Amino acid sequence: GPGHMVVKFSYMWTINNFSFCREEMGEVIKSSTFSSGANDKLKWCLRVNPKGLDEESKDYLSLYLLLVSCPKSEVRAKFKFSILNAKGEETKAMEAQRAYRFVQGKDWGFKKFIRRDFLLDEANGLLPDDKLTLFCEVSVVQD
């Protein structure tokens, strides 16, 4: 039966002067809004907790996709997060295994996205020049 093409798009977010303390960064960091295009009526953004906000995730950085604005009832979207290293390569990817149902104001993400001590280990190259660069790929689907 006829349907709609999968709508794929991406967003790169650079968080400068990344630090591991509440002062300097605050508990919730928010990205600018993004979408697939100009004619797109949906508005998305990312939100990071540099330290997870519960006991289970306190040793991790958390990362979420938030649907800011949508006119339609709901949106089904599959999403994938990764960290870009200094070569521009994706690393430490974490991906939804199915599409999740989004409504205006709903977020979906990973409270245990990456361990803080792994991020801070300079051997891992994920904070070159104290900059965390995150890359989000989204597929808006009918499924």
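Note that residue numbering follows the sequence shown and begins at 1.
> Comparing 82-90 with 36-44, which has the greater mean CA B-factor as deposited?
Averaging CA B-factors over each stretch, the winner is 36-44.
> Quick one: higher average CA temperature factor, 131-139 or 12-20?
Stretch with the higher mean C-alpha B-factor: 12-20.
> Name the one of 74, 107, 27, 95 with the greatest CA B-factor according to the PDB entry.
Largest recorded C-alpha B-factor: 74.
> Within this chain, which third does the Cα B-factor at residue 69 fall in: lowest, middle or highest?
Within its chain, residue 69 is a highest-third residue by C-alpha B-factor, going by the deposited values.
> What third of the chain does residue 53 rank in for C-alpha temperature factor, lowest, middle or highest?
For residue 53, whose C-alpha B-factor we compare with every modelled residue in the chain, the answer is the middle third.
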